[PDB]
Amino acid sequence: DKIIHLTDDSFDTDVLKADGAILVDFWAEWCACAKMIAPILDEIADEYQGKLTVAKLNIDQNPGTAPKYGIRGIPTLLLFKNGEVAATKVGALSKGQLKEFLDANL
């Protein structure tokens, strides 16, 4: 219960105008690989508590944000630092790859 659920409208304030690091997961029910990293994320939010905020945005109920970052495929992870994007990963990945990605930017 540490993962934040974003909406197209709260994206400004929960992410863009928030100080600190936020990992944003762009997903949807119809993409199995997008849902297969959710378990992994639950673990990541716990282990990076205090140094990172994990957020999820279902693109089906919030279709306005993805195009704004030219996202063409899911899942896509957006590591935001103080409001601006720092790094991106496209495609499903193991917990280890995700951890590696975070460690190379936090």
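One-based numbering along the sequence shown.
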For the C-alpha atoms alone, is the average B factor greater in 10-18 or in 94-102, going by the entry? 10-18
For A38, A66, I74, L57, the deposited C-alpha B-factor is largest at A38
Just say lowest, middle or highest third for the CA B-factor of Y48 relative to the other modelled residues in its chain. middle
Within this chain's modelled residues, let me know which third the CA B factor of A28 belongs to: lowest, middle or highest. middle
